[PDB]
Amino acid sequence: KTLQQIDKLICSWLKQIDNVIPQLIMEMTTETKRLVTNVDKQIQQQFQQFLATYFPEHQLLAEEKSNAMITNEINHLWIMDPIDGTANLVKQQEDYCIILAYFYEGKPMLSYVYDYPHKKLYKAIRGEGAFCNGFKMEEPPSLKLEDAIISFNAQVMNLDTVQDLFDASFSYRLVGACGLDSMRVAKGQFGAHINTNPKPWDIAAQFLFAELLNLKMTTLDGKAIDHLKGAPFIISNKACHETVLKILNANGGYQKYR
Amino acid sequence: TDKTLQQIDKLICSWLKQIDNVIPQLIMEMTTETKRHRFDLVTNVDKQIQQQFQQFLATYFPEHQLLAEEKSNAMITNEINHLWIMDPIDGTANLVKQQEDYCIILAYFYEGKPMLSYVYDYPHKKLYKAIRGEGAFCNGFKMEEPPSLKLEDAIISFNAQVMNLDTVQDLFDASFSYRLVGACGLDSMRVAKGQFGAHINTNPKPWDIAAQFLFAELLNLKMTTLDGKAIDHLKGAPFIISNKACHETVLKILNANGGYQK
Ligand SMILES: NC(=O)c1ccc[n+]([C@@H]2O[C@H](COP(=O)([O-])OP(=O)(O)OC[C@H]3O[C@@H](n4cnc5c(N)ncnc54)[C@H](OP(=O)(O)O)[C@@H]3O)[C@@H](O)[C@H]2O)c1
Ligand SMILES: NC(=O)c1ccc[n+]([C@@H]2O[C@H](COP(=O)([O-])OP(=O)(O)OC[C@H]3O[C@@H](n4cnc5c(N)ncnc54)[C@H](OP(=O)(O)O)[C@@H]3O)[C@@H](O)[C@H]2O)c1
Ligand SMILES: [Ca+2]
Ligand SMILES: [Ca+2]
Ligand SMILES: [Ca+2]
Ligand SMILES: [Ca+2]
Ligand SMILES: [Ca+2]
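Order-wise, the sequence lines are chains B and A.
Per the entry's author numbering: the first sequence = residues 4 to 37, 42 to 265.
First residue of the second sequence? That's 2 in the entry's author numbering, and the numbers climb one at a time after it.
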């Protein structure tokens with residue numbers, strides 16, 4: 004099973020998914036948990056079927072199923088967010104994506120962020136590189152924080168620290184889907200993106216993008232992230248990583264509550 | 002020699018289209034400078050787009066005057082027959098940092114009454130236009146009044162850096178979620194399309210909002226000052242563009258507790 008052969012299958016499934024999604028939206032149903044739609048659930052279930060059929064040994068860690076059965080020592084693992092940006096899907100029908108990442112004996116090998124509304128497939132392949140619709144991505148120019156746009160959820164952080172980030176950055180922007188805000192960092196459009204409480208599926212693809220494009224991707228302590236577990240995280244241009252972490256840890260830390 | 006709105010519209014949409022053929026080169030040789038201070042930018046792209054539009058007017062509409070960001074506008078008065086307001090690049094910060102999420106804004110006023118408006122999202126090749134008597138369109142798909150959105154059900158957009166944190170927080174608590182594209186024209190079009198409930202800019206110039214007046218009229222949006230008053234298109238004013246169903250609630254929040262400033 005070469006990486007290229009697997010990649011062929013995935014890109015092909017993603018392409019057929021264009022033909023399914025307009026119908027799911029047509030008949031869009033929404034519900035609460037404490042949002043999720045038929046689109047989230049169906050995309051996920053079809054991917055499960057795809058695996059059953061092409062890669063029966065492979066396991067799936069995904070948002071809309073239980074993941075109690077997933078362990079540290081698993082050979083072939085897919086982590087999926089079937090729709091990242093559900094709020095955007097529901098309210099805007101735009102600015103949402105599918106996230107897929109393949110880990111072989113725990114090492115990231117393939118990653119996908121499919122911006123379906125703009126028909127832009129970001130992909131990362133170990134040994135080949137990272138690509139947007141087959142235009143090859145390269146390491147972005149250095150961005151010092153003062154010269155860069157940052158993205159984060161300001162509703163979930165201490166107001167002192169939110170203000171410090173505003174003062175230290177060039178501007179603030181928010182797409183509102185972790186995958187897409189993270190790709191803005193990979194493309195050099197944003198300096199950094201922060202999500203203070205992500206699940207494994209919110210960040211799964213980003214590990215390989217960060218490695219191949221020389222981005223820093225760490226916890227808000229600067230540590231490695233366990234892809235099997237969440238952690239408060241940042242994906243950042245290498246030139247503004249330290250400054251952002253310094254700000255987040257200043258003033259008794261970034262958490263809104265102690 | 003007297004032209005219909007449709008004939009003017011043909012000329013403008015056509016000039017916008019040929020502008021696609023100029024811009025990739027301006028971006029290739031992009032240079033940037035400051036104007037007022039470190040966060041107040043302008044590029045060859047802003048200036049060139051503007052100047053070519055000035056030439057376009059000279060040559061097709063020689064009576065018509067231009068109010069635009071990158072020129073002095075001291076000579077523009079309240080009783081001007083044919084006026085264009087232009088923002089040659091709205092979203093300069095996005096142009097520079099992202100090469101995405103910026104637009105061109107054009108609006109034609111005849112004896113002070115809006116007749117034609119344009120928001121050209123050039124990176125996505127989406128031409129929003131509004132024509133009195135015909136309606137509003139995105140690439141010639143016709144736009145219609147959006148469904149009612151109460152604030153609690155709606156995404157809002159505003160610059161959180163320019164308001165006090167207390168009022169920012171109140172807006173976050175009262176809305177469904179918060180998003181920011183970062184170009185007035187595009188954030189406003191999200192309101193017109195029903196994607197956002199409201200967009201706020203607390204200190205816009207005439208070119209930041211010029212096209213939005215006609216869009217708001219034809220699509221039944223509320224577009225007012227943060228006091229709920231009519232805006233003078235010739236001058237700024239702190240402003241909101243909003244779905245009709247969340248307008249009052251947003252203004253109430255902005256004005257509460259001694260206000261949104263600071
Ligand atoms: N810590 C953060 O930076 C953050 C960011 C967003 C949301 N949230 C929380 O989620 C709830 C609704 O979200 P919102 O409108 O603020 O964001 P949202 O716009 O609904 O979601 C934005 C991004 O955050 C992800 N997300 C959803 N719930 C999350 C959570 N509890 N923690 C971290 N990421 C999450 C989303 O993934 P899906 O689209 O796959 O849901 C999406 O990628 C709120 O209670 C909020 O506190 C936290
Ligand atoms: N690190 C910092 O200290 C920092 C960072 C960001 C902002 N700020 C402060 O916040 C202000 C705005 O900067 P920004 O980068 O957030 O704006 P921005 O993202 O560059 O602009 C967003 C939208 O507002 C328009 N705009 C630009 N300047 C404006 C102004 N002074 N008032 C109202 N609308 C304006 C833009 O139009 P055009 O692109 O067409 O002009 C665009 O439509 C500045 O006065 C600055 O002092 C400070
Ligand atoms: Ca999801
Ligand atoms: Ca997610
Ligand atoms: Ca400007
Ligand atoms: Ca401008
Ligand atoms: Ca502007």
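All C-beta atoms, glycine included, are put in the ideal place defined by N, C-alpha and C.
I want to see whether chain B comes within less than 8 Å of residue i, judged by CB atoms only; does it?
i        : result
A:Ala257 : no
A:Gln26  : no
A:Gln162 : yes
A:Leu166 : yes
A:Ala94  : yes
A:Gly183 : yes
A:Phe40  : yes
Return no unless some Cβ of chain A is closer than 8 Å to the Cβ of residue i.
i        : result
B:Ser178 : yes
Along chain A, which residues have their Cβ under 7 Å away from the Cβ of residue i?
i        : result
B:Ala193 : In chain order: nothing, as chain A lies at least about 13 Å away.
Starting from residue i, find everything on chain B with Cβ-Cβ shorter than 8 Å and list it in chain order.
i        : result
A:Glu101 : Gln196
Taking Cβ-Cβ distances shorter than 9 Å, what residues in chain A pair up with residue i?
i        : result
B:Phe159 : Simply none; closest approach about 11 Å.
Which one of the options has the shortest CA to CA distance from residue i?
i        : options                                : result
A:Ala193 : A:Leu219, A:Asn202, A:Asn204           : A:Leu219
B:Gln49  : B:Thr35, B:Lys36, B:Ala69              : B:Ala69
A:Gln26  : A:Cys14, A:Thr44, A:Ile9, A:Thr35      : A:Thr44
B:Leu84  : B:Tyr103, B:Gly92, B:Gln100, B:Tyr111  : B:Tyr111
B:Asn79  : B:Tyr103, B:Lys114, B:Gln56, B:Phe62   : B:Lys114
A:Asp10  : A:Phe173, A:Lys72, A:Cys104, A:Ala137  : A:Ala137
B:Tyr109 : B:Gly259, B:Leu12, B:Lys230            : B:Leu12
A:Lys253 : A:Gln7, A:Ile24, A:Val169, A:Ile81     : A:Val169
A:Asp88  : A:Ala199, A:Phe62, A:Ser118            : A:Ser118
B:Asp91  : B:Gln66, B:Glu30, B:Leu42              : B:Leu42
B:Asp122 : B:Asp102, B:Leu107, B:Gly141           : B:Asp102
B:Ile81  : B:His234, B:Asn140, B:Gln262           : B:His234
A:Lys151 : A:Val120, A:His248, A:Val46, A:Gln7    : A:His248
A:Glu146 : A:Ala211, A:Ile24, A:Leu222, A:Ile77   : A:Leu222
A:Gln100 : A:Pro124, A:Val120, A:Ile106           : A:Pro124
A:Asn140 : A:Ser149, A:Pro148, A:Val120, A:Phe159 : A:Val120
B:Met116 : B:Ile105, B:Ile86, B:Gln196            : B:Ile86
A:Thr32  : A:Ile24, A:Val46, A:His38              : A:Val46
A:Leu172 : A:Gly198, A:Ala211, A:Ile105           : A:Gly198
A:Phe54  : A:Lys36, A:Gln8, A:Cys14, A:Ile28      : A:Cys14
B:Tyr179 : A:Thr60, A:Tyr261, A:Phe40             : A:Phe40
B:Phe159 : B:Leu128, B:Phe240, B:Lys236           : B:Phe240
B:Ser189 : B:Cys104, B:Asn256, B:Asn258           : B:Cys104
A:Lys236 : A:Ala75, A:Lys263, A:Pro148            : A:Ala75
Residue i touches chain B at which residues, Cβ-Cβ below 7 Å?
i        : result
A:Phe173 : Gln162
Which residues of chain B have a Cβ atom closer than 9 Å to the Cβ of residue i, listed in chain order?
i        : result
A:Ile156 : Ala94, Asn95, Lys98, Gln99, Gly183
Which chain A residues sit within Cβ distance under 8 Å of residue i?
i        : result
B:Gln170 : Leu166
Taking any heavy atom of ligand 3 as the mark, which residues have a C-beta closer than 7 Å to it, listed down the chain?
With 7 Å as the limit, the residues whose C-beta approaches a heavy atom of ligand 3 more closely than that are B:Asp47, B:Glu70, B:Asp88, B:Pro89, B:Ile90, B:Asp91, B:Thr93, B:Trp208, in chain order.
Segment contact flag, the region 152-171 of chain A with the region 241-258 of chain A, C-beta cutoff 8 Å, min 3 pairs
The region 152-171 of chain A, when compared against the region 241-258 of chain A, does touch it at the 8 Å Cβ threshold.
Indicate whether the contact test is met: 3 or more Cβ pairs, each with one atom in the region 86-98 of chain B and one in the region 172-192 of chain B, closer than 8 Å.
Short answer: they touch.
Would the region 161-174 of chain B and the region 219-234 of chain B be scored as touching if the rule is three or more Cβ pairs under 8 Å?
Here the region 161-174 of chain B makes no contact with the region 219-234 of chain B; the two share fewer than three CB pairs at distances below 8 Å.
Count the C-beta pairs between the region 203-220 of chain B and the region 132-150 of chain B that are closer than 8 Å, then say yes if the count reaches three, no if not.
Three or more Cβ pairs drawn from the region 203-220 of chain B and the region 132-150 of chain B lie within less than 8 Å of each other, which places the two stretches in contact.
Is there contact between the region 200-210 of chain B and the region 204-211 of chain A, where contact requires at least three CB pairs shorter than 8 Å?
With a cut-off of 8 Å, the region 204-211 of chain A and the region 200-210 of chain B do not count as touching, because too few Cβ pairs lie within range.
Three Cβ pairs or more, each shorter than 8 Å: is that satisfied between the region 4-20 of chain A and the region 47-65 of chain A?
Yes, the region 4-20 of chain A is in contact with the region 47-65 of chain A.
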